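Notes to accompany the following structure.
Each value in this text was obtained by applying a stated rule to the coordinates, not by laboratory testing. Cβ atoms come from the backbone with ideal geometry, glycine included; neighbour counts cover every protein chain shown.
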Amino acid sequence: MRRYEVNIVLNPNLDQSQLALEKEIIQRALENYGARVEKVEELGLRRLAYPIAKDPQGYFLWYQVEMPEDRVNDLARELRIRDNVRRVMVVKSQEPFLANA
Amino acid sequence: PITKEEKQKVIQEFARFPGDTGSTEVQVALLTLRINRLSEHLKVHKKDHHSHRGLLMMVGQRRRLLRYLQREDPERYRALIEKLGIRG
Amino acid sequence: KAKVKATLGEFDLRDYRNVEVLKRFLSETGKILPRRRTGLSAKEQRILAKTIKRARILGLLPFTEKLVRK
Amino acid sequence: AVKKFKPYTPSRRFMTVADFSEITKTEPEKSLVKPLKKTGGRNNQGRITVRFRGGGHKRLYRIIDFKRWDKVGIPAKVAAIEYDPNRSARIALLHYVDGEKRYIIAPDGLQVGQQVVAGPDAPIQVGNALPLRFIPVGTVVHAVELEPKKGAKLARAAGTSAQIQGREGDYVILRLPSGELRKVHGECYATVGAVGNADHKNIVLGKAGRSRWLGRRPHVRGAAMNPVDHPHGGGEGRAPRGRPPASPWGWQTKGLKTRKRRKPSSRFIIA
Amino acid sequence: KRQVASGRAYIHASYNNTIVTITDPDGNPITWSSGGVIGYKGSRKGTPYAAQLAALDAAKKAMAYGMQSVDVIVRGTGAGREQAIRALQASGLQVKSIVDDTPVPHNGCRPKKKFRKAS
RNA sequence: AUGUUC
RNA sequence: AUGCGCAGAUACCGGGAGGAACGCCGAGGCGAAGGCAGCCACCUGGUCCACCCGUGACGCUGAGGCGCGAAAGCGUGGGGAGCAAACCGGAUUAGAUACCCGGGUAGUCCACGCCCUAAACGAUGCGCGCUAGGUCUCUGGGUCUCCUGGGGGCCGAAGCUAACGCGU
Ligand SMILES: [Mg+2]
Ligand SMILES: [Mg+2]
Ligand SMILES: [Mg+2]
Ligand SMILES: [Mg+2]
Ligand SMILES: [Mg+2]
Ligand SMILES: [Mg+2]
Ligand SMILES: [Mg+2]
Ligand SMILES: [Mg+2]
Ligand SMILES: [Mg+2]
Ligand SMILES: [Mg+2]
Ligand SMILES: [Mg+2]
């Protein structure tokens, strides 16, 4: 059990019929691998700094979670499987480290 | 990794007296944990010869500790080796 | 010009999503700037590069953009 | 892998036998689809027309499924991988959810338990078959039709495959096992993946039998015959060719090209 | 034949030659030139004068397509890079903007031995 | 660019 | 010049494949050595500091032994973009079995198994104590303008050294 931030980037061009599908697939997957979502943040549609899946934009999600560490890779394997899921970065959550006081 | 809870379970179990955290028994049990844990990793990862050096160290450290115990008090050397399942 | 550090208040250099801030450590060619320009410590500069890259992968910042006017 | 032996005999010093790990799964064949009688016979109505064939083990033909479009959209689960003495590949027994059973040739990677399906809306994952046109270019693909609906003819031997290089009209371009670049109709079916049991080409036969076990009778050189028999026949003790080297029948056999000149199918090849 | 007011002018300046291809705004070559399309042969193609000549000859050929303005994109270290840009600015053609877009491995293929006195 | 010997 | 190129190359753009290596950050850092460089996750070893909490000399070294050991190389498989011994071509030359150019096979990559070498170098065995300081630097701790520990450099007391130089 440790805190991870699960970043996800979706096809910008979805409608909320299509999006909620994905968003629910991710929810069902999270829960499936024993991930208890804490925070969550639909920053949504962003202009990427380079094209991704030929697309100038990505729809962005962020899920802070606590899960068993030994299942984290397998979850990222699953989250990626879907087509409209175009990036997945899972990152052990870290203390912030500041410059300036 | 060994958790803070897991390591303390071993220490209680082997401490000659509460608040005993060093001591040849606790040390040698603490090492055994590491050694078994690490032997298991090497099992899967035969090619990690760097972590293996550390194993060699721990094995030799425990060997040394146990030699000291066998020399000062031989009964609790035996009592321990039994309790821990080693020198075989 | 100035040092980039000397330009911003209390900021977290683990935050690979503050692209608003990070792009500022990145030169007009997308290159991670050296310490003589970021004016970071050695340690800070490494935390930074790490998160800059994490961000580049996420799509937020460039690995490379192009030099304008020769 | 390939099973090696210690030199307890001569011969055995060199034999290597296929690794049958991928198979065991099922070791007799499927009574229903399997047996056709397969008519052995090294030559035609009377005459040897292909030399040096014969003997060698009895075999049942296993009818396999080379047109997959019969069964668009019916999933099938992979029951078994089994040995097929009639081909380098191994084959996959599919239980369709219909009931129906078939044999596809077993692609590399196909796992017993997987599901598989044919058709234009089929997932691009191993062992599904699709019209080429619905398959992402660069996907590598085995058991491919050359003309729509005429059955799979390309890339069926152990470990072979083709890769889609591009689309161009109703045609795609495949790189074939041979390295030929061909245009193959987009409606032509193909199944995603490579053929596998790719270790096949490495088995060292090891002994003169064994060839014999596979129906391959001794090949006698032309040299070594007399001139009635062959262009290299004759000469007093051991002799070089003395002619540009030739078949019995007399064509040359080093470099002389034989694909028919004016063949319509040339418009569509390139390697 | 075709008609494009604005487009791109690519400058590819190696050490051995300078070659300019001018393109419509989707990047499709409208015309090109080089040290060797101009009279030059061998080592003189990599000369800066050739680059000048190439760039104008290339500029000129695109009047015929009704080219007016180009974005310039440079790729290369190499003698001709500089002059071929100068040639274009004052050429009739208007340089909207200059860009160095020189391809550069993010440490990638092993170079030929001659580019690898390298440590 | 090369360019040996006593 | 070989070579590629009107069977349309070069330069430009779109689609795709595939392999190898990770630009900037980047000088320092880690490891016993060899050596280790994108990012992420899991597994895992060494190491530093602080509290001064536990054990109580349990220590140093280490003939043999065991394991690790760059590159090339070997075996079985895989993989193969770029590079490239050998090799083929073009030049250069008195010759050119070289240097320069165009190609090119092993190999360079991966798995497993070998090989066990090297200017494997700091050409400096390991451990401990003791003998001015100055300065730059990595990384901990600090009633933080300096102190205190662990590393990495340069200059130097005393001293050593054939000399060069070495010098907490
Ligand atoms: Mg005859
Ligand atoms: Mg003859
Ligand atoms: Mg004779
Ligand atoms: Mg005490
Ligand atoms: Mg070695
Ligand atoms: Mg090697
Ligand atoms: Mg090899
Ligand atoms: Mg050899
Ligand atoms: Mg060469
Ligand atoms: Mg020596
Ligand atoms: Mg000194």
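Sort A:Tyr33, A:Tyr59 so that the residue with the fewest other Cβ atoms within 10 Å of its own Cβ comes first and the one with the most comes last.
A:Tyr33, A:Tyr59
Quick query: amide H of D:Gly234 versus all other amide H atoms, modeled in the peptide plane; which residues come in under 5 Å with a sequence gap of 5 or more or a different chain?
D:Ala224, D:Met225, D:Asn226
Springs between alpha-carbon pairs under 10 angstrom, Gaussian network model over chain E: which of E:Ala58, E:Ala90, E:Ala13 fluctuates most?
Largest GNM mean-square fluctuation: E:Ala90.
Got the relative contact order for chain B handy, in percent, Cα pairs under 8 Å and 6 or more residues apart?
Once divided by the residue count of chain B, the mean separation gives 23 percent.
Quick one: of the DSSP bridges fully inside the protein assembly as shown, what percent are antiparallel, nearest 5?
The antiparallel fraction comes to roughly 85 percent.
Please report the antiparallel percentage of DSSP beta bridges with both residues in chain E, rounded to the nearest 5.
Given both bridge residues lie in chain E, the antiparallel proportion sits at roughly 45 percent.
Using a 10 Å cut-off on Cβ to Cβ distances, tally the other chain neighbours for every residue of C:10-17 and report the average as a whole number.
Mean number of neighbouring Cβ atoms from other chains: 5.
Please work out the FRET efficiency for the pair E:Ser97 and E:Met63, using the Cβ-Cβ distance as r and a Förster radius of 25 Å; give the result to the nearest 0.05.
The computed FRET efficiency comes out at 0.75.
Rounded, prolate or oblate for chain E? Axes are the square roots of the Cα gyration tensor eigenvalues, ordered a ≥ b ≥ c, and the cut-off for rounded is a/c under 1.5.
Taking the square roots of the gyration eigenvalues as a ≥ b ≥ c, chain E is prolate.
Given R₀ = 22 Å, FRET efficiency for D:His57-D:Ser11 by Cβ-Cβ distance, to 0.05?
That pair, D:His57 with D:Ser11, gives E of 0.75.
Report relative contact order for the range A:17-101 in percent, whole number only (criteria: Cα-Cα under 8 Å, sequence separation at least 6).
Averaging sequence separation for qualifying contacts and normalising by length gives 26 percent for the range A:17-101.
Give me the net charge of D:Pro248's neighbourhood, meaning all other residues with Cβ under 9 Å from the Cβ of D:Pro248; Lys, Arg count +1, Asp, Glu -1.
0
Helix E:80-89: angle to the longest alpha-carbon principal axis of chain E, degrees 0 to 90, nearest 10?
Long axis of E:80-89 versus the principal axis of chain E: about 20 degrees.
Are there trypsin sites (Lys or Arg not before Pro) in the range E:11-98 that DSSP puts in a loop and that have at most 13 other Cβ atoms within 10 Å, and which ones?
Qualifying residues, ordered by number: E:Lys41.
Mind listing the phi-derived Karplus ³J(HN,Hα) values for the range D:170-177, rounded to whole Hz, using 6.51, -1.76 and 1.60 with θ = phi - 60°, and x for any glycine or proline?
8, 10, 10, 10, 10, 8, 8, x
Mind checking C:52-65 for the average number of partner chain beta-carbons within 10 Å of each residue's beta-carbon?
That works out to 5 on average.
Once the Cβ-Cβ distance between A:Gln94 and D:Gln111 is put in as r, and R0 is 35 Å, what FRET efficiency do you end up with, to the nearest 0.05?
The calculated FRET efficiency here is 0.35.
Please give the average number of partner chain Cβ atoms lying within 10 Å of the Cβ of each residue in E:91-103, rounded to a whole number.
2
Just A:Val40, A:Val88, A:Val72 to compare: in a GNM of chain A, with alpha carbon springs under 10 Å, which one fluctuates most?
A:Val40
List, in order, the whole-Hz ³J(HN,Hα) value for each residue of the range D:26-33 obtained from phi through the Karplus relation with A = 6.51, B = -1.76, C = 1.60 and θ = phi - 60°; use x for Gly and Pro.
Values per residue, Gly and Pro as x: 10, 10, x, 9, 8, 2, 9, 9 Hz.
What does the charge count around B:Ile11 come to, taking other residues whose C-beta lies under 14 Å from its C-beta (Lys +1, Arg +1, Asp -1, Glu -1)?
Residues near B:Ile11 contribute +1 overall.
In what sequence do D:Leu146, D:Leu32 fall when counting other Cβ within 10 Å, fewest first?
D:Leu32, D:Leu146
Tally the DSSP beta bridges in chain D and give the antiparallel ones as a percent, rounded to 5.
Taking every DSSP beta bridge within chain D, about 95 percent pair in antiparallel fashion.
As a footprinting exposure proxy, order C:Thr51, D:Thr253, D:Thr139 by other Cβ within 10 Å, with the fewest listed first.
Ordered by Cβ neighbours within 10 Å, fewest first: D:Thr253, D:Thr139, C:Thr51.
Which pairs break 30 Å Cα to Cα here: D:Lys34/D:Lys260; D:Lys67/D:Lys263; D:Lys254/E:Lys114; D:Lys153/D:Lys260; C:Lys23/E:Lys61; D:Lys201/E:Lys112?
D:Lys34/D:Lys260; D:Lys254/E:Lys114; C:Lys23/E:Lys61; D:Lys201/E:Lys112
Taking a virtual spin label 7 Å from the Cα of C:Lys53 along the C-beta vector, which residues in the range E:94-119 bring their backbone nitrogen under 18 Å of it?
Zone members listed by number: E:105-109.
Net charge near A:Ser17: determine it from the other residues with C-beta under 13 Å of the C-beta of A:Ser17, scoring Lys and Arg +1 and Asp and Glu -1.
-2
What residues from the range E:1-37 fall in the zone where the backbone N is under 18 Å from a label point 7 Å along the Cα-to-C-beta line of E:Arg44?
Hits in the range E:1-37 for E:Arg44 at 18 Å: E:16-19, E:34-37.
So what are the ³J(HN,Hα) numbers for the range B:37-45, from phi and the Karplus equation (6.51, -1.76, 1.60; θ = phi - 60°), rounded to whole Hz, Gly and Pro as x?
Each residue's phi maps through the Karplus curve to give 3, 7, 5, 5, 5, 4, 3, 5, 9 Hz.
Just the Kirkwood number for chain D, please: inverse of mean 1/r across all distinct Cα pairs, in Å, one decimal.
It works out to 21.4 Å.
Do any of B:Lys46/D:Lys3; C:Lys3/C:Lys43; C:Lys5/C:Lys43; C:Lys31/C:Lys66; D:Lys71/D:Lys150 go past 20 Å between their Cα atoms, and which?
Checking Cα-Cα distances, B:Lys46/D:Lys3 exceed 20 Å.
Any idea what log10 I(q)/I(0) is at q = 0.17, 0.21 Å⁻¹ for chain C, Debye with uniform C-alpha scatterers and no solvent?
The Cα Debye sum returns log10 ratios of -0.57, -0.87.
Springs between alpha-carbon atoms under 10 Å, Gaussian network over chain D: tell me which of D:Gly113, D:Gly41, D:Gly151 tops the mean-square fluctuations.
Top of the fluctuation ranking is D:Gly41.
How many nm is it between the label spots at E:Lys112 and E:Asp26, if each spot is 7 Å from the Cα in line with the beta carbon?
3.5
Across the Cα atoms of chain B, what radius of gyration and what greatest pairwise Cα-Cα distance (Dmax) are found, in Å?
Answer for chain B, Rg first and Dmax second: 13.6, 41 Å.
Quick one: which residues, 5+ away or cross-chain, put their amide H under 5 Å from the amide H of D:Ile104? H built at 1.01 Å from N.
Placed amide hydrogens put D:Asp65, D:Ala92, D:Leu94 under 5 Å from D:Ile104.
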